[PDB]
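Protein chains in written order, with PDB author numbering: chain B, 11 to 124; chain B', 11 to 124; chain A, 11 to 125; chain A', 11 to 125. A prime marks a further copy of an entry chain.
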Ligand SMILES: Oc1c(Br)cc(Oc2ccccc2)cc1Br
Ligand SMILES: Oc1c(Br)cc(Oc2ccccc2)cc1Br
């Protein structure tokens with residue numbers, strides 16, 4: 011039900027081998043590790059979770075943008091990019107979290123479909 | 011070699027049934043019609059052209075954002091969104107032109123891969 | 011009543027010395043040149059027009075993004091960024107057209123206020 | 011030396027009365043509260059800090075986008091928009107953190123200048 015896609019606005023390409031960590035907010039308000047991976051050659055990260063595991067809750071998707079830029083020899087502004095949202099059962103079932111990266115900027119959108 | 015994808019930042023969804031017109035710049039500097047279609051349920055428009063037809067040149071992709079918003083009962087700022095670029099044979103072969111739409115704003119990126 | 015602001019997303023700075031050409035759609039559907047200038051050290055372009063001159067119409071603000079990236083010796087994707095909109099059709103408004111630039115991407119937004 | 015500016019992409023206006031909380035990473039890796047305020051009628055938040063107070067560190071600027079969309083009675087996707095960055099590590103700089111907001115999307119950029 012959850013896919014993360016990362017794009018590079020400098021080279022006009024997927025952002026490949028970018029580390030992505032997903033956390034679920036626990037009852038004590040701390041962020042607990044949920045799922046993680048690295049984006050593929052298409053800039054996409056599939057198979058993070060299952061419908062069964064992805065219960066309603068607040069999730070954080072952290073994208074390691076700083077390591078991405080450093081590997082390209084480019085000095086970036088952000089330590090990482092966060093995307094924090096509520097999964098809701100009465101909305102559509104599938105969530106794509108997309109991020110478009112520049113050294114000093116990023117944009118993020120959610121594409122939520124049934 | 012060319013795909014157009016349109017997303018709606020208000021509803022967090024593909025932008026469906028959006029008209030898209032592609033033009034190639036002619037030798038006299040006018041824009042000649044090249045290809046067109048409407049985005050599908052996925053917000054994507056495939057099959058606009060073929061490798062054979064898509065020679066190097068300056069192309070314009072016009073996205074009918076105004077009709078999109080009006081159909082949703084929302085008053086938009088832009089008459090349309092243009093994306094104007096050079097197709098180059100010595101870059102990667104496949105071009106995705108993506109646009110993310112808001113009533114008073116849009117962003118566009120190119121994802122160019124081999 | 012019309013201001014254009016351009017930012018550089020690679021450098022995290024104003025985009026300085028960016029050429030901007032404004033056109034207005036004429037009675038015969040052609041784009042007539044309306045005003046032009048370059049962004050300053052703040053990435054802003056002021057003084058393009060006056061409240062008297064800036065009548066109702068369809069305007070195109072062409073931002074010469076290719077010349078900017080290339081004048082910096084970078085090879086960008088877009089020829090330019092065009093922002094096309096109806097203005098002043100419920101009476102005079104003030105418009106800021108903002109653009110944030112990357113070699114293969116740009117974002118634009120409008121801030122519209124009523125004086 | 012720190013300014014936060016927030017714009018509304020749905021209305022084409024400044025995003026007014028947006029709550030912003032700034033944190034600084036402490037020696038024990040926790041986020042310590044640093045400064046907070048709300049955007050004005052121009053969508054700008056000035057006066058958060060001083061050049062003396064704003065030392066080297068890792069800062070998080072949390073923009074309370076959910077409260078903004080909901081205080082307007084809209085149901086948005088994000089809880090907030092967080093912008094996390096190292097500041098002043100080559101000496102004092104001025105930072106503008108800009109955010110452009112839509113119910114299911116936001117963009118952020120930094121403008122960093124050397125006084
Ligand atoms: O498949 C996609 C998606 Br979804 C978004 C996209 O563009 C953006 C991603 C993040 C923020 C803004 C635009 C490009 C492609 Br190709
Ligand atoms: O003064 C500004 C700034 Br700074 C950014 C701006 O546009 C953007 C803000 C955040 C993310 C992308 C673009 C518009 C205006 Br008027």
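C-beta atoms are modelled at their ideal positions from N, C-alpha and C, and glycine is treated no differently.
| Item | Value |
| --- | --- |
| Contact list for residue 96/B' against chain B, beta-carbon separation under 9 Å | Within chain B, no residue comes near residue 96/B'; the closest Cβ sits about 12 Å away, beyond 9 Å. |
| Distance between beta carbons of residue 87/A' and residue 113/A', contact taken as under 8 Å | 6 Å |
| Limits of the beta strand (DSSP E) - the one that residue 117/B' falls within | 115–123 |
| CB contact below 9 Å: residue 31/B' versus chain A | no |
| The stretch 100–119 of chain B contacting the stretch 72–90 of chain B, beta-carbon criterion three pairs below 8 Å | yes |
| Inter-residue spacing [alpha-carbon to alpha-carbon] between residue 34/B and residue 22/B | 31 Å |
| Alpha helix (DSSP H) segment containing residue 75/B', residue limits | 75–81 |
| Contacts of residue 22/A' in chain B' (Cβ-Cβ under 8 Å) | 87, 113, 114 and 115 |
| Whole-number beta carbon distance between residue 16/A' and residue 53/A', since they are thought to touch under 8 Å | 5 Å |
| Short CB-CB distance (under 9 Å) between residue 53/B and chain B' | yes |
| Lining residues of ligand 1 - beta-carbon closer than 7 Å to any non-hydrogen atom, in sequence order | 15/B, 17/B, 106/B, 108/B, 109/B, 110/B, 117/B, 118/B, 119/B, 121/B, 15/B', 17/B', 106/B', 108/B', 110/B', 117/B', 119/B', 121/B' and 115/A' |
| Presumed contact (8 Å Cβ cut-off) between residue 19/A and residue 110/A, rounded CB distance | 5 Å |
| Three-state class that DSSP yields for residue 21/A in the structure shown | coil |
| Chain-ordered neighbours of residue 119/B on chain B', where CB pairs are closer than 8 Å | 17, 19, 22 and 110 |
| CB-CB length for residue 47/A' against residue 55/A', believed under 8 Å | 5 Å |
| Cβ-Cβ distance between residue 59/A' and residue 11/A' below 9 Å | yes |
| Neighbour-count burial assignment, residue 107/B', 16 or more Cβ in a 10 Å radius | buried |
| Partners in chain A' for residue 71/A, counting only beta-carbon separations shorter than 9 Å | Going along chain A', no residue has its Cβ under 9 Å from residue 71/A, so there is no contact; the nearest lies around 14 Å. |
| Closer than 7 Å at the beta carbon, the chain A' residues around residue 84/B | The premise fails here: residue 84/B is roughly 15 Å from chain A' at the closest Cβ pair, so nothing lies under 7 Å. |
| Residue(s) in a DSSP beta bridge with residue 31/A' | 46/A' and 72/A' |
| Test item: CB-CB of residue 92/A' and residue 94/B under 9 Å | yes |
| Residue 126/A - partner residues in DSSP beta bridges | In the structure as shown, chain A starts at 11 and stops at 125, and residue 126/A therefore has no counterpart that could be examined. |
| From 104/B', 30/B' and 99/B', residue whose alpha carbon lies closest to that of residue 90/B' | 30/B' |
| Spatially closest choice to residue 44/A from 28/A, 63/A, 103/A and 79/A, by CA coordinates | 63/A |
| C-beta atoms of residue 69/A and residue 97/A nearer than 9 Å | yes |
| Chain-ordered chain A contacts of residue 93/A' [CB-CB under 9 Å] | By Cβ distance, chain A contributes nothing, its closest Cβ being about 12 Å from residue 93/A', past 9 Å. |
| Closer than 8 Å: residue 21/A' CB and nearest ligand 4 heavy atom | The ligand content of the structure shown is limited to ligand 1 and ligand 2, which means ligand 4 is not among them. |
| Under the three-state DSSP convention, the category residue 54/A falls into | strand |
| Paired residues, beta bridge with residue 104/B - DSSP | 123/B |
| Bridge-paired residues (DSSP) for residue 109/A' | 16/A' and 118/A' |
| Reference residue 123/A', options 25/A, 13/A and 14/A, closest by Cα | 25/A |
| Outcome for residue 65/A' when other beta-carbon atoms lying within 10 angstroms are tallied against a minimum of 16 | exposed |
| Of the residues 27/B', 13/B' and 40/B', the one placed nearest residue 80/B', counting alpha carbons only | 27/B' |
| Cα-Cα separation, residue 61/B to residue 14/B | 15 Å |
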